[PDB]
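Asks: Shown below is the structure under consideration.
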Number of protein chains: 2
Amino acid sequence: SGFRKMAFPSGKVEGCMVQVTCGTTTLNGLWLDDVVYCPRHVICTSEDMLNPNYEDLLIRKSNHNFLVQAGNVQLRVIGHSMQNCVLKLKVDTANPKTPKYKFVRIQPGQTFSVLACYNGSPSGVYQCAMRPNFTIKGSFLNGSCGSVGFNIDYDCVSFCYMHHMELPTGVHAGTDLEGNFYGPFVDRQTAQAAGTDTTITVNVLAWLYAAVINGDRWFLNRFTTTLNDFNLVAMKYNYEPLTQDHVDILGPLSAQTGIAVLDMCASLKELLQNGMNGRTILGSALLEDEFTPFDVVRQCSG
Amino acid sequence: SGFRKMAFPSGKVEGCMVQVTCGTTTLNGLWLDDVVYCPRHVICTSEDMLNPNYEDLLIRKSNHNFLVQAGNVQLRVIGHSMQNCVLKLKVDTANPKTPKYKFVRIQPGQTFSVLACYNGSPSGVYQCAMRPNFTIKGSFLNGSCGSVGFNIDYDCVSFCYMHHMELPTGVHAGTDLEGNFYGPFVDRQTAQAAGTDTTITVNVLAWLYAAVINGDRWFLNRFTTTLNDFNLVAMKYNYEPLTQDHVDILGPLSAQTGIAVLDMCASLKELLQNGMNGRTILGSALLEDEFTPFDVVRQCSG
Ligand SMILES: *S[C@@H]1O[C@@H](CO)[C@H](O)[C@@H](O)[C@@H]1O
Ligand SMILES: *S[C@@H]1O[C@@H](CO)[C@H](O)[C@@H](O)[C@@H]1O
Ligand SMILES: [Cl-]
């Protein structure tokens, strides 16, 4: 019993974290096989971040300018390239701790774990979610850049995120491991703003299902609703619109609990219209949206 | 910027998790040097857990009855003993992945990370706190028993918790790595109840300091208070009494923010008497008490 915001074990990723230093800037990199991946703004000074021409700034750099340190050993850069907003440093040694891995571009609403690093050294791990506006609400300080987000299915690590920037609002923006930013953001120190951050409705419903499984049932009402009717309430409260795909994904949870999906939608509707009246669900006074339906099943079964 | 409930990287502990099987029961063990540590109720059936005589049940067991499997390799038990409520299986091979480690008995109010396992396989990591009533609010399902809680300072892993039981109320109780239970609990399937669970006042104050550091300042009032006066409010709301030691520990945070401790106590007093009025602090509608003063400093500095 009990429900916590659990992150995947981070060991397989700890063994891939390195320190990349270009000039005076040191950030974290990801060493997989014979390639180190890092944010390309490692090649930028302070003046550069205003409006950097990354192509021109890379022309002034050679292999020996990129200092890659794994633990206390130094790595020999035999090649370097730029893929979108990520720099790929080819080293002469394959990482002996490379796990089975793939690069994945996740969708808004999906969850993943973050290993937050500083100078190629792990500091902590936490579970977060890609917000619908393609931002992440994490904990990143200077030097964190190059910190990676990942999932693990069996022995396969799916890297999906690399931290790049902290927006002026305090949220965070990054790329997939191919250097493509999530959202409209660019790796420049300019005026960038996220859109409306909506609540991931399907995740809230999964979390309400977890609550029922764990004993918290007070929110369960005597009513039901329709998908169109519920989506009307969702818009007024800036909730993601619920599709039939979303309903289909919660099937396994609806089966385990004996609670229809539209029945749970009617309980959530009441919670948005009336609030919690000071009560708590799973030790939280807000509706939590950073647990996917797959996360609830995986935690309740493990 | 940003504040998350961060757990220590779990890699050093992942390499120590093994699967112990005695009879039909399989739970997790901790392999350090040439000793495997596991809950002693591994030697118990279902009838036994009612009122087990662990000494008599161990007399019926020999070294070859304890099956210890690390990954896909089997370990040779050359000795076995019982220390309080933990079983120490001496194996013939030292764990090559043993980190620098020590056994620590933490105090109520302290935090630690938990690597939740099942059959010696990691499933997830999360950050929790020893409640003042010596329980922990985690996520443990059958087979989780033997899951360990730890801290990491530099390269030193301080193991402080091993999961043993889930109480009828849904909270969890366990031991230090010397087999001594936290709290009055016993490893029997009997009627055991935790006392009043109070809120860790010093941790809430640390969290309010983190909020200020991150921009959330609305709770900051124009008032102050005294230690005796505040403790009066703490008792009415089942908050831990605040000592001068607690005030001294928050010194570094009071220095960084320029907010006196008794000034922050007066803001918390208002929050307990009036509530949040629907507002949120660091994305939470409740007062969070699972961040120690040392945790806030470590996260804001890392
Ligand atoms: S990580 C991903 O899947 C694994 C199997 O789970 C394969 O071994 C890898 O080659 C692949 O990238
Ligand atoms: S883990 C603890 O401290 C370390 C140093 O940080 C020592 O090396 C260990 O022997 C000790 O148990
Ligand atoms: Cl909350």
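Note on naming: chains are A, B, ... as they come in the structure tokens, residues start from 1 per chain, ligands start from 1 in the order shown.
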I need the chain A residues near chain B as a PDB file with N, CA, C and O atoms, in the first residue's frame; criterion: at most 9 Å, counting only C-alpha atoms.

Replies:
ATOM      1  N   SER A   1       0.851  -1.226   0.000  1.00  0.00           N
ATOM      2  CA  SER A   1       0.000   0.000   0.000  1.00  0.00           C
ATOM      3  C   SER A   1       0.868   1.251   0.000  1.00  0.00           C
ATOM      4  O   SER A   1       2.091   1.167   0.095  1.00  0.00           O
ATOM      5  N   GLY A   2       0.232   2.405  -0.109  1.00  0.00           N
ATOM      6  CA  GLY A   2       0.953   3.666  -0.154  1.00  0.00           C
ATOM      7  C   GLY A   2       1.347   4.049  -1.564  1.00  0.00           C
ATOM      8  O   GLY A   2       1.643   3.203  -2.414  1.00  0.00           O
ATOM      9  N   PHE A   3       1.371   5.361  -1.811  1.00  0.00           N
ATOM     10  CA  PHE A   3       1.671   5.887  -3.139  1.00  0.00           C
ATOM     11  C   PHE A   3       2.640   7.053  -3.020  1.00  0.00           C
ATOM     12  O   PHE A   3       2.348   8.028  -2.324  1.00  0.00           O
ATOM     13  N   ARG A   4       3.788   6.937  -3.690  1.00  0.00           N
ATOM     14  CA  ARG A   4       4.830   7.957  -3.701  1.00  0.00           C
ATOM     15  C   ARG A   4       5.185   8.295  -5.140  1.00  0.00           C
ATOM     16  O   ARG A   4       5.020   7.477  -6.049  1.00  0.00           O
ATOM     17  N   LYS A   5       5.729   9.501  -5.342  1.00  0.00           N
ATOM     18  CA  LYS A   5       6.208   9.897  -6.667  1.00  0.00           C
ATOM     19  C   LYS A   5       7.578   9.238  -6.833  1.00  0.00           C
ATOM     20  O   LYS A   5       8.606   9.761  -6.398  1.00  0.00           O
ATOM     21  N   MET A   6       7.592   8.065  -7.465  1.00  0.00           N
ATOM     22  CA  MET A   6       8.792   7.234  -7.564  1.00  0.00           C
ATOM     23  C   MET A   6       9.507   7.510  -8.865  1.00  0.00           C
ATOM     24  O   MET A   6       8.875   7.631  -9.925  1.00  0.00           O
ATOM     25  N   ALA A   7      10.833   7.599  -8.781  1.00  0.00           N
ATOM     26  CA  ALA A   7      11.669   7.661  -9.958  1.00  0.00           C
ATOM     27  C   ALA A   7      12.284   6.286 -10.184  1.00  0.00           C
ATOM     28  O   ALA A   7      12.457   5.501  -9.246  1.00  0.00           O
ATOM     29  N   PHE A   8      12.603   6.006 -11.429  1.00  0.00           N
ATOM     30  CA  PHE A   8      13.359   4.811 -11.798  1.00  0.00           C
ATOM     31  C   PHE A   8      14.696   4.797 -11.088  1.00  0.00           C
ATOM     32  O   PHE A   8      15.279   5.870 -10.842  1.00  0.00           O
ATOM     33  N   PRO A   9      15.236   3.628 -10.766  1.00  0.00           N
ATOM     34  CA  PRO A   9      16.619   3.584 -10.263  1.00  0.00           C
ATOM     35  C   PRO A   9      17.565   4.227 -11.260  1.00  0.00           C
ATOM     36  O   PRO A   9      17.462   3.988 -12.466  1.00  0.00           O
ATOM     37  N   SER A  10      18.480   5.062 -10.744  1.00  0.00           N
ATOM     38  CA  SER A  10      19.315   5.903 -11.587  1.00  0.00           C
ATOM     39  C   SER A  10      20.695   5.329 -11.865  1.00  0.00           C
ATOM     40  O   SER A  10      21.491   5.982 -12.542  1.00  0.00           O
ATOM     41  N   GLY A  11      20.996   4.136 -11.371  1.00  0.00           N
ATOM     42  CA  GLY A  11      22.346   3.602 -11.506  1.00  0.00           C
ATOM     43  C   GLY A  11      22.835   3.546 -12.940  1.00  0.00           C
ATOM     44  O   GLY A  11      23.975   3.907 -13.233  1.00  0.00           O
ATOM     45  N   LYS A  12      22.003   3.024 -13.843  1.00  0.00           N
ATOM     46  CA  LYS A  12      22.442   2.845 -15.219  1.00  0.00           C
ATOM     47  C   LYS A  12      22.810   4.170 -15.860  1.00  0.00           C
ATOM     48  O   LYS A  12      23.660   4.212 -16.759  1.00  0.00           O
ATOM     49  N   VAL A  13      22.193   5.255 -15.419  1.00  0.00           N
ATOM     50  CA  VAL A  13      22.507   6.585 -15.951  1.00  0.00           C
ATOM     51  C   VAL A  13      23.678   7.237 -15.209  1.00  0.00           C
ATOM     52  O   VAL A  13      24.479   7.947 -15.818  1.00  0.00           O
ATOM     53  N   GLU A  14      23.815   6.992 -13.909  1.00  0.00           N
ATOM     54  CA  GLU A  14      24.954   7.516 -13.183  1.00  0.00           C
ATOM     55  C   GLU A  14      26.249   7.163 -13.888  1.00  0.00           C
ATOM     56  O   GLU A  14      27.178   7.979 -13.955  1.00  0.00           O
ATOM     57  N   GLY A  15      26.344   5.946 -14.413  1.00  0.00           N
ATOM     58  CA  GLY A  15      27.564   5.514 -15.063  1.00  0.00           C
ATOM     59  C   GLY A  15      27.852   6.139 -16.393  1.00  0.00           C
ATOM     60  O   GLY A  15      28.869   5.810 -16.993  1.00  0.00           O
ATOM     61  N   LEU A 115      18.021  12.735 -13.557  1.00  0.00           N
ATOM     62  CA  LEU A 115      19.220  12.676 -12.732  1.00  0.00           C
ATOM     63  C   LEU A 115      19.886  14.045 -12.850  1.00  0.00           C
ATOM     64  O   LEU A 115      20.445  14.380 -13.900  1.00  0.00           O
ATOM     65  N   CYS A 117      22.680  16.754 -12.232  1.00  0.00           N
ATOM     66  CA  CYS A 117      24.128  16.629 -12.107  1.00  0.00           C
ATOM     67  C   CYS A 117      24.768  18.005 -12.126  1.00  0.00           C
ATOM     68  O   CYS A 117      24.129  18.999 -12.470  1.00  0.00           O
ATOM     69  N   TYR A 118      26.046  18.045 -11.744  1.00  0.00           N
ATOM     70  CA  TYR A 118      26.820  19.284 -11.698  1.00  0.00           C
ATOM     71  C   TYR A 118      28.287  18.883 -11.840  1.00  0.00           C
ATOM     72  O   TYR A 118      28.844  18.239 -10.939  1.00  0.00           O
ATOM     73  N   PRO A 122      26.545  13.102 -10.167  1.00  0.00           N
ATOM     74  CA  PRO A 122      25.146  13.057  -9.719  1.00  0.00           C
ATOM     75  C   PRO A 122      24.932  13.721  -8.372  1.00  0.00           C
ATOM     76  O   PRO A 122      25.743  13.597  -7.465  1.00  0.00           O
ATOM     77  N   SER A 123      23.796  14.406  -8.240  1.00  0.00           N
ATOM     78  CA  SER A 123      23.382  14.957  -6.960  1.00  0.00           C
ATOM     79  C   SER A 123      22.038  14.440  -6.468  1.00  0.00           C
ATOM     80  O   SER A 123      21.852  14.318  -5.259  1.00  0.00           O
ATOM     81  N   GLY A 124      21.093  14.166  -7.351  1.00  0.00           N
ATOM     82  CA  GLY A 124      19.794  13.683  -6.913  1.00  0.00           C
ATOM     83  C   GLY A 124      18.947  13.271  -8.093  1.00  0.00           C
ATOM     84  O   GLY A 124      19.256  13.591  -9.248  1.00  0.00           O
ATOM     85  N   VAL A 125      17.889  12.513  -7.783  1.00  0.00           N
ATOM     86  CA  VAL A 125      16.953  12.013  -8.787  1.00  0.00           C
ATOM     87  C   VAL A 125      15.533  12.343  -8.344  1.00  0.00           C
ATOM     88  O   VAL A 125      15.207  12.292  -7.152  1.00  0.00           O
ATOM     89  N   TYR A 126      14.692  12.694  -9.308  1.00  0.00           N
ATOM     90  CA  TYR A 126      13.280  12.945  -9.027  1.00  0.00           C
ATOM     91  C   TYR A 126      12.446  12.622 -10.258  1.00  0.00           C
ATOM     92  O   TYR A 126      12.961  12.539 -11.379  1.00  0.00           O
ATOM     93  N   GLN A 127      11.125  12.485 -10.042  1.00  0.00           N
ATOM     94  CA  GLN A 127      10.183  12.157 -11.104  1.00  0.00           C
ATOM     95  C   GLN A 127       9.415  13.404 -11.478  1.00  0.00           C
ATOM     96  O   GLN A 127       8.932  14.124 -10.598  1.00  0.00           O
ATOM     97  N   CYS A 128       9.313  13.663 -12.773  1.00  0.00           N
ATOM     98  CA  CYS A 128       8.634  14.849 -13.283  1.00  0.00           C
ATOM     99  C   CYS A 128       7.788  14.455 -14.495  1.00  0.00           C
ATOM    100  O   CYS A 128       7.743  13.287 -14.906  1.00  0.00           O
ATOM    101  N   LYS A 137       8.892  21.348 -14.654  1.00  0.00           N
ATOM    102  CA  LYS A 137       9.004  22.024 -13.362  1.00  0.00           C
ATOM    103  C   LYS A 137       9.943  21.172 -12.513  1.00  0.00           C
ATOM    104  O   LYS A 137       9.525  20.211 -11.864  1.00  0.00           O
ATOM    105  N   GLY A 138      11.230  21.519 -12.531  1.00  0.00           N
ATOM    106  CA  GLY A 138      12.228  20.718 -11.837  1.00  0.00           C
ATOM    107  C   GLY A 138      13.041  21.499 -10.825  1.00  0.00           C
ATOM    108  O   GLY A 138      12.573  22.517 -10.287  1.00  0.00           O
ATOM    109  N   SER A 139      14.255  21.019 -10.540  1.00  0.00           N
ATOM    110  CA  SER A 139      15.201  21.704  -9.660  1.00  0.00           C
ATOM    111  C   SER A 139      16.566  21.701 -10.360  1.00  0.00           C
ATOM    112  O   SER A 139      17.289  20.692 -10.340  1.00  0.00           O
ATOM    113  N   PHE A 140      16.913  22.831 -10.989  1.00  0.00           N
ATOM    114  CA  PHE A 140      18.154  22.966 -11.741  1.00  0.00           C
ATOM    115  C   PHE A 140      18.831  24.263 -11.349  1.00  0.00           C
ATOM    116  O   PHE A 140      18.214  25.332 -11.412  1.00  0.00           O
ATOM    117  N   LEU A 141      20.091  24.166 -10.944  1.00  0.00           N
ATOM    118  CA  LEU A 141      20.936  25.321 -10.679  1.00  0.00           C
ATOM    119  C   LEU A 141      22.068  25.354 -11.703  1.00  0.00           C
ATOM    120  O   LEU A 141      22.235  24.434 -12.510  1.00  0.00           O
ATOM    121  N   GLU A 166      16.785  27.627 -18.185  1.00  0.00           N
ATOM    122  CA  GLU A 166      15.793  28.000 -17.192  1.00  0.00           C
ATOM    123  C   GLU A 166      15.147  29.287 -17.695  1.00  0.00           C
ATOM    124  O   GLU A 166      15.840  30.292 -17.868  1.00  0.00           O
ATOM    125  N   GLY A 170      11.025  30.666 -14.213  1.00  0.00           N
ATOM    126  CA  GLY A 170      11.453  29.668 -13.256  1.00  0.00           C
ATOM    127  C   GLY A 170      11.212  28.233 -13.677  1.00  0.00           C
ATOM    128  O   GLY A 170      11.607  27.314 -12.945  1.00  0.00           O
ATOM    129  N   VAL A 171      10.535  28.011 -14.804  1.00  0.00           N
ATOM    130  CA  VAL A 171      10.364  26.667 -15.336  1.00  0.00           C
ATOM    131  C   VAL A 171      11.588  26.357 -16.191  1.00  0.00           C
ATOM    132  O   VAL A 171      12.472  27.207 -16.350  1.00  0.00           O
ATOM    133  N   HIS A 172      11.620  25.171 -16.776  1.00  0.00           N
ATOM    134  CA  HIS A 172      12.809  24.664 -17.461  1.00  0.00           C
ATOM    135  C   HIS A 172      12.438  24.115 -18.834  1.00  0.00           C
ATOM    136  O   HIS A 172      11.342  23.586 -19.041  1.00  0.00           O
ATOM    137  N   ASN A 214      -5.898   2.481  -2.745  1.00  0.00           N
ATOM    138  CA  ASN A 214      -5.197   2.628  -1.474  1.00  0.00           C
ATOM    139  C   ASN A 214      -6.109   2.991  -0.310  1.00  0.00           C
ATOM    140  O   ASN A 214      -5.625   3.140   0.816  1.00  0.00           O
ATOM    141  N   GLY A 283      -2.672  12.125   0.625  1.00  0.00           N
ATOM    142  CA  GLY A 283      -1.808  13.068   1.290  1.00  0.00           C
ATOM    143  C   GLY A 283      -1.511  14.334   0.524  1.00  0.00           C
ATOM    144  O   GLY A 283      -0.470  14.977   0.772  1.00  0.00           O
ATOM    145  N   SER A 284      -2.397  14.723  -0.397  1.00  0.00           N
ATOM    146  CA  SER A 284      -2.226  15.947  -1.166  1.00  0.00           C
ATOM    147  C   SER A 284      -3.544  16.706  -1.200  1.00  0.00           C
ATOM    148  O   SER A 284      -4.616  16.103  -1.349  1.00  0.00           O
ATOM    149  N   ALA A 285      -3.455  18.035  -1.052  1.00  0.00           N
ATOM    150  CA  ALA A 285      -4.615  18.912  -1.120  1.00  0.00           C
ATOM    151  C   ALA A 285      -4.861  19.466  -2.514  1.00  0.00           C
ATOM    152  O   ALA A 285      -5.765  20.280  -2.682  1.00  0.00           O
ATOM    153  N   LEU A 286      -4.082  19.052  -3.505  1.00  0.00           N
ATOM    154  CA  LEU A 286      -4.283  19.418  -4.898  1.00  0.00           C
ATOM    155  C   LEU A 286      -4.460  18.157  -5.731  1.00  0.00           C
ATOM    156  O   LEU A 286      -4.152  17.049  -5.288  1.00  0.00           O
ATOM    157  N   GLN A 299       3.392   0.904 -10.459  1.00  0.00           N
ATOM    158  CA  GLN A 299       3.664   1.040  -9.027  1.00  0.00           C
ATOM    159  C   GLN A 299       2.824   0.053  -8.221  1.00  0.00           C
ATOM    160  O   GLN A 299       3.304  -0.537  -7.243  1.00  0.00           O
ATOM    161  N   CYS A 300       1.559  -0.131  -8.609  1.00  0.00           N
ATOM    162  CA  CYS A 300       0.685  -1.043  -7.876  1.00  0.00           C
ATOM    163  C   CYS A 300       1.033  -2.508  -8.121  1.00  0.00           C
ATOM    164  O   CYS A 300       0.584  -3.376  -7.365  1.00  0.00           O
ATOM    165  N   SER A 301       1.813  -2.804  -9.159  1.00  0.00           N
ATOM    166  CA  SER A 301       2.235  -4.164  -9.476  1.00  0.00           C
ATOM    167  C   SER A 301       3.732  -4.375  -9.278  1.00  0.00           C
ATOM    168  O   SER A 301       4.138  -5.327  -8.598  1.00  0.00           O
ATOM    169  N   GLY A 302       4.572  -3.511  -9.857  1.00  0.00           N
ATOM    170  CA  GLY A 302       6.011  -3.615  -9.728  1.00  0.00           C
ATOM    171  C   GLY A 302       6.553  -5.022  -9.859  1.00  0.00           C
ATOM    172  O   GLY A 302       6.989  -5.619  -8.874  1.00  0.00           O
TER     173      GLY A 302
END

Asks: Report as a PDB file with N, CA, C and O atoms, in the first residue's frame all protein, DNA and RNA residues lying within 7 Å of stretch 25-37 of chain B, evaluated on only C-alpha atoms, omitting residues in the same chain fewer than 3 positions from it.

Replies:
ATOM      1  N   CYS B  16      24.013  -3.581  -4.424  1.00  0.00           N
ATOM      2  CA  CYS B  16      24.031  -4.339  -3.188  1.00  0.00           C
ATOM      3  C   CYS B  16      22.769  -5.162  -2.985  1.00  0.00           C
ATOM      4  O   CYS B  16      22.710  -5.957  -2.035  1.00  0.00           O
ATOM      5  N   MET B  17      21.763  -4.995  -3.837  1.00  0.00           N
ATOM      6  CA  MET B  17      20.485  -5.671  -3.638  1.00  0.00           C
ATOM      7  C   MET B  17      20.552  -7.098  -4.142  1.00  0.00           C
ATOM      8  O   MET B  17      20.961  -7.332  -5.280  1.00  0.00           O
ATOM      9  N   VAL B  18      20.149  -8.047  -3.294  1.00  0.00           N
ATOM     10  CA  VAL B  18      20.097  -9.465  -3.648  1.00  0.00           C
ATOM     11  C   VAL B  18      18.716 -10.001  -3.289  1.00  0.00           C
ATOM     12  O   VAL B  18      17.923  -9.340  -2.620  1.00  0.00           O
ATOM     13  N   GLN B  19      18.449 -11.224  -3.732  1.00  0.00           N
ATOM     14  CA  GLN B  19      17.205 -11.931  -3.464  1.00  0.00           C
ATOM     15  C   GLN B  19      17.499 -13.068  -2.498  1.00  0.00           C
ATOM     16  O   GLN B  19      18.337 -13.927  -2.784  1.00  0.00           O
ATOM     17  N   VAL B  20      16.804 -13.080  -1.362  1.00  0.00           N
ATOM     18  CA  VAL B  20      16.923 -14.151  -0.377  1.00  0.00           C
ATOM     19  C   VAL B  20      15.624 -14.935  -0.380  1.00  0.00           C
ATOM     20  O   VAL B  20      14.542 -14.345  -0.289  1.00  0.00           O
ATOM     21  N   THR B  21      15.735 -16.260  -0.467  1.00  0.00           N
ATOM     22  CA  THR B  21      14.593 -17.165  -0.469  1.00  0.00           C
ATOM     23  C   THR B  21      14.803 -18.215   0.612  1.00  0.00           C
ATOM     24  O   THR B  21      15.796 -18.952   0.587  1.00  0.00           O
ATOM     25  N   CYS B  22      13.877 -18.282   1.561  1.00  0.00           N
ATOM     26  CA  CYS B  22      13.880 -19.305   2.605  1.00  0.00           C
ATOM     27  C   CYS B  22      12.520 -19.992   2.579  1.00  0.00           C
ATOM     28  O   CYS B  22      11.515 -19.400   2.984  1.00  0.00           O
ATOM     29  N   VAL B  42      11.891 -13.729   7.056  1.00  0.00           N
ATOM     30  CA  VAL B  42      12.027 -14.579   5.881  1.00  0.00           C
ATOM     31  C   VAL B  42      11.891 -16.051   6.258  1.00  0.00           C
ATOM     32  O   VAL B  42      11.546 -16.890   5.411  1.00  0.00           O
ATOM     33  N   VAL B  86      17.124  -8.805  12.349  1.00  0.00           N
ATOM     34  CA  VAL B  86      17.756  -8.962  11.043  1.00  0.00           C
ATOM     35  C   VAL B  86      18.561 -10.257  11.050  1.00  0.00           C
ATOM     36  O   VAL B  86      19.143 -10.631  12.075  1.00  0.00           O
ATOM     37  N   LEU B  87      18.581 -10.936   9.913  1.00  0.00           N
ATOM     38  CA  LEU B  87      19.386 -12.130   9.726  1.00  0.00           C
ATOM     39  C   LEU B  87      20.645 -11.769   8.944  1.00  0.00           C
ATOM     40  O   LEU B  87      20.578 -11.067   7.924  1.00  0.00           O
ATOM     41  N   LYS B  88      21.790 -12.231   9.433  1.00  0.00           N
ATOM     42  CA  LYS B  88      23.080 -11.975   8.807  1.00  0.00           C
ATOM     43  C   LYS B  88      23.575 -13.293   8.207  1.00  0.00           C
ATOM     44  O   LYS B  88      23.999 -14.191   8.939  1.00  0.00           O
ATOM     45  N   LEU B  89      23.506 -13.411   6.881  1.00  0.00           N
ATOM     46  CA  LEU B  89      23.999 -14.573   6.159  1.00  0.00           C
ATOM     47  C   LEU B  89      25.423 -14.292   5.686  1.00  0.00           C
ATOM     48  O   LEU B  89      25.641 -13.418   4.844  1.00  0.00           O
ATOM     49  N   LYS B  90      26.387 -15.048   6.209  1.00  0.00           N
ATOM     50  CA  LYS B  90      27.765 -14.923   5.747  1.00  0.00           C
ATOM     51  C   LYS B  90      27.921 -15.724   4.461  1.00  0.00           C
ATOM     52  O   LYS B  90      27.642 -16.923   4.439  1.00  0.00           O
ATOM     53  N   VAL B  91      28.347 -15.061   3.394  1.00  0.00           N
ATOM     54  CA  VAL B  91      28.589 -15.702   2.113  1.00  0.00           C
ATOM     55  C   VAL B  91      30.100 -15.809   1.889  1.00  0.00           C
ATOM     56  O   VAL B  91      30.908 -15.191   2.591  1.00  0.00           O
ATOM     57  N   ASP B  92      30.481 -16.620   0.900  1.00  0.00           N
ATOM     58  CA  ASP B  92      31.891 -16.878   0.634  1.00  0.00           C
ATOM     59  C   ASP B  92      32.546 -15.826  -0.256  1.00  0.00           C
ATOM     60  O   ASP B  92      33.766 -15.873  -0.448  1.00  0.00           O
ATOM     61  N   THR B  93      31.773 -14.901  -0.812  1.00  0.00           N
ATOM     62  CA  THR B  93      32.269 -13.910  -1.760  1.00  0.00           C
ATOM     63  C   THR B  93      31.940 -12.511  -1.262  1.00  0.00           C
ATOM     64  O   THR B  93      30.793 -12.227  -0.904  1.00  0.00           O
ATOM     65  N   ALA B  94      32.942 -11.637  -1.254  1.00  0.00           N
ATOM     66  CA  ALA B  94      32.719 -10.234  -0.960  1.00  0.00           C
ATOM     67  C   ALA B  94      32.079  -9.567  -2.168  1.00  0.00           C
ATOM     68  O   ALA B  94      32.486  -9.802  -3.310  1.00  0.00           O
ATOM     69  N   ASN B  95      31.073  -8.718  -1.911  1.00  0.00           N
ATOM     70  CA  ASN B  95      30.423  -8.009  -3.000  1.00  0.00           C
ATOM     71  C   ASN B  95      31.423  -7.061  -3.660  1.00  0.00           C
ATOM     72  O   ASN B  95      31.894  -6.111  -3.032  1.00  0.00           O
ATOM     73  N   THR B  98      30.539  -3.358  -3.266  1.00  0.00           N
ATOM     74  CA  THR B  98      30.321  -2.760  -1.956  1.00  0.00           C
ATOM     75  C   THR B  98      30.827  -1.326  -1.965  1.00  0.00           C
ATOM     76  O   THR B  98      31.991  -1.099  -2.318  1.00  0.00           O
ATOM     77  N   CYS B 117      12.437  -2.574  -3.706  1.00  0.00           N
ATOM     78  CA  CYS B 117      12.882  -3.735  -4.471  1.00  0.00           C
ATOM     79  C   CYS B 117      11.876  -4.862  -4.328  1.00  0.00           C
ATOM     80  O   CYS B 117      10.995  -4.824  -3.470  1.00  0.00           O
ATOM     81  N   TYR B 118      12.020  -5.869  -5.192  1.00  0.00           N
ATOM     82  CA  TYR B 118      11.141  -7.036  -5.202  1.00  0.00           C
ATOM     83  C   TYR B 118      11.943  -8.176  -5.828  1.00  0.00           C
ATOM     84  O   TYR B 118      12.260  -8.126  -7.025  1.00  0.00           O
ATOM     85  N   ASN B 119      12.262  -9.197  -5.029  1.00  0.00           N
ATOM     86  CA  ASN B 119      13.097 -10.314  -5.475  1.00  0.00           C
ATOM     87  C   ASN B 119      14.503  -9.841  -5.859  1.00  0.00           C
ATOM     88  O   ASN B 119      15.070 -10.266  -6.873  1.00  0.00           O
ATOM     89  N   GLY B 120      15.056  -8.939  -5.051  1.00  0.00           N
ATOM     90  CA  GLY B 120      16.400  -8.444  -5.281  1.00  0.00           C
ATOM     91  C   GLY B 120      16.571  -7.575  -6.511  1.00  0.00           C
ATOM     92  O   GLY B 120      17.709  -7.343  -6.947  1.00  0.00           O
ATOM     93  N   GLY B 143       6.726  -8.685  -1.084  1.00  0.00           N
ATOM     94  CA  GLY B 143       8.058  -8.837  -1.622  1.00  0.00           C
ATOM     95  C   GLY B 143       8.954  -7.641  -1.424  1.00  0.00           C
ATOM     96  O   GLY B 143      10.180  -7.768  -1.619  1.00  0.00           O
ATOM     97  N   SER B 144       8.394  -6.496  -1.054  1.00  0.00           N
ATOM     98  CA  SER B 144       9.209  -5.291  -0.810  1.00  0.00           C
ATOM     99  C   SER B 144      10.121  -5.409   0.414  1.00  0.00           C
ATOM    100  O   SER B 144      11.180  -4.756   0.474  1.00  0.00           O
ATOM    101  N   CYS B 145       9.862  -6.400   1.269  1.00  0.00           N
ATOM    102  CA  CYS B 145      10.444  -6.460   2.593  1.00  0.00           C
ATOM    103  C   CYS B 145      11.955  -6.665   2.291  1.00  0.00           C
ATOM    104  O   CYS B 145      12.357  -7.459   1.417  1.00  0.00           O
ATOM    105  N   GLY B 146      12.801  -5.929   3.007  1.00  0.00           N
ATOM    106  CA  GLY B 146      14.228  -5.947   2.767  1.00  0.00           C
ATOM    107  C   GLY B 146      14.699  -4.749   1.989  1.00  0.00           C
ATOM    108  O   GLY B 146      15.902  -4.535   1.872  1.00  0.00           O
ATOM    109  N   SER B 147      13.741  -3.966   1.483  1.00  0.00           N
ATOM    110  CA  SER B 147      14.044  -2.674   0.871  1.00  0.00           C
ATOM    111  C   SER B 147      14.687  -1.737   1.895  1.00  0.00           C
ATOM    112  O   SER B 147      14.282  -1.699   3.062  1.00  0.00           O
TER     113      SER B 147
END

Asks: In terms of the shortest atom-to-atom distance over only C-alpha atoms, which of A:101, A:180, A:75, A:156 is closest to residue A:40?

Replies: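 Between A:101, A:180, A:75, A:156, the residue approaching residue A:40 most closely is A:180.
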
Asks: Please, which residues have at least one atom within 8 Å of an atom of ligand 2, using only C-alpha atoms and all ligand atoms, listed as a ChimeraX atom specification?

Replies: /B:99-102,153-158

Asks: Could you write out the selected residues, including C-alpha atoms, as a short mmCIF file (atom, residue, chain, number, x, y, z; two decimals), in the first residue's frame?

Replies:
data_model
loop_
_atom_site.label_atom_id
_atom_site.label_comp_id
_atom_site.auth_asym_id
_atom_site.auth_seq_id
_atom_site.Cartn_x
_atom_site.Cartn_y
_atom_site.Cartn_z
CA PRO B 99 30.51 1.03 -1.49
CA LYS B 100 32.01 2.83 1.45
CA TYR B 101 29.20 2.41 3.97
CA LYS B 102 28.22 2.62 7.61
CA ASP B 153 27.51 12.08 1.95
CA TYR B 154 30.22 12.26 -0.74
CA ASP B 155 31.23 8.63 -1.36
CA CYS B 156 29.84 7.26 1.93
CA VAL B 157 26.47 5.45 2.02
CA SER B 158 24.80 5.60 5.45
#
